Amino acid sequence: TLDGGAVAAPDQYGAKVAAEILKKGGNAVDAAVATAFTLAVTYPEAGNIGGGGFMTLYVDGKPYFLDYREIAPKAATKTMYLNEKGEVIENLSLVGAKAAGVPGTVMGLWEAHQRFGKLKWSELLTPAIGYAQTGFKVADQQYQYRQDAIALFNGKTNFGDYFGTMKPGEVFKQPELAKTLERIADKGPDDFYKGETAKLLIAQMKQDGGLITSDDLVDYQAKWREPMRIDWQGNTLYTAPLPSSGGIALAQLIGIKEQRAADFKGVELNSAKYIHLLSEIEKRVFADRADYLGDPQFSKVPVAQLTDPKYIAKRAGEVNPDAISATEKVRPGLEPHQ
């Protein structure tokens, strides 16, 4: 029983909505769902219903993790972004419909609320619907990002049709998105994956040469997973497991830094020595990241081996506190050798 609740959100609208939901009696998950739909309206550069993400939770003294990361469409292939010479096609994995994974956000927010929410699903969409119907004020960084996006996209997508009118300080309204969110409030995720919204998404794929099909949408599932647990100095950090690399990375970053405590003593934050030491640890983290990590149901990822204390101590020994290690000689840590 704390002094209250709290939110830290990436814009003023997400923060206001979270605060209202908490004040109205919703729990942190209710507030999170409402915030996530709000930012899908007010923060379109990143907040979304057409992308995916991860949620780490602590509820009644227990940790949880919800994976609503996008999945490759069923028609995706290993070499889909390479041309007939085997070279990467410029921006094919970044611009246009073939760059899209199957969206997870609507299913993820649904699952979180189904499991832990106290308020009605439709209540949690009303704020976002409101910002879509009546608008929000465009931010400075948004206008700058949009200016860059018009250049990269135009004239390759329909981005300008919908976001060309964004102008800083001006109220931006999104009537079609408001109707989409009303359908999600009424029908649940079935609208997005089976219903009117699904059909519109499929139509867009067919028009743009995309790969996502009705089968892809109907087969999408968010996945509850056990969070990564990291213990140090009497604390317990819960963070993202695979298919995030960040949990393993943080296990190795924190573990190695603690092993090298003697090299950090007396070094000031963001001195050259401090930055050099962090870079030396990061060299090893990214060597393992590139070699071992990916979707845990598609390979046998050696998670325990990469996070075992004896392994962390070995990798910690490689850090060179006095000079840059030969990049060419930094190896994946589980690699057999002579």
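Don't overthink the numbering: it's just position in the shown sequence, from 1.
- [ ] Using the B-factors recorded in the PDB entry, average over the C-alpha atoms of 37-45 and of 266-274, then report which stretch comes out higher.
- [x] The recorded data point to 266-274.
TODO: Averaging the C-alpha B factors as listed in the entry, name the stretch that ends up higher: 168-176 or 241-249.
DONE: Here the higher of the two C-alpha B-factor means belongs to 168-176.
Task: Highest recorded Cα temperature factor - choice among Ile89, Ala76, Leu109, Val95 - done: It is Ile89.
TODO: Among the candidates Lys120, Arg115, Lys223, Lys206, give the one with the maximum CA B-factor reported in the record.
DONE: Answer for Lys120, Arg115, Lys223, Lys206: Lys206, with the highest C-alpha B-factor.
Task: Assigned third (lowest, middle, highest) for the C-alpha B factor of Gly61 - done: Tercile = highest for this residue's CA B-factor.
Open item on the list: Lowest, middle or highest third: which one holds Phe286 when the chain's residues are ordered by CA B-factor from the entry?
Closed with: It belongs to the middle third of the chain when residues are ordered by C-alpha B-factor.
Task: Ranked against its chain, the third holding the CA B-factor of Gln147 - done: As the PDB entry reports it, the C-alpha B-factor of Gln147 lands in the highest third of its chain.
- [ ] Looking at the entry's B-factor column for C-alpha atoms only, identify whether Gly160 ranks in the lowest, middle or highest third of its chain.
- [x] Its C-alpha B-factor, which the entry lists for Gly160, ranks in the highest third among residues of this chain.
Task: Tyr311 - which third its CA temperature factor falls in, relative to the rest of the chain - done: According to the entry, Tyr311 has a C-alpha B-factor in the chain's highest third.
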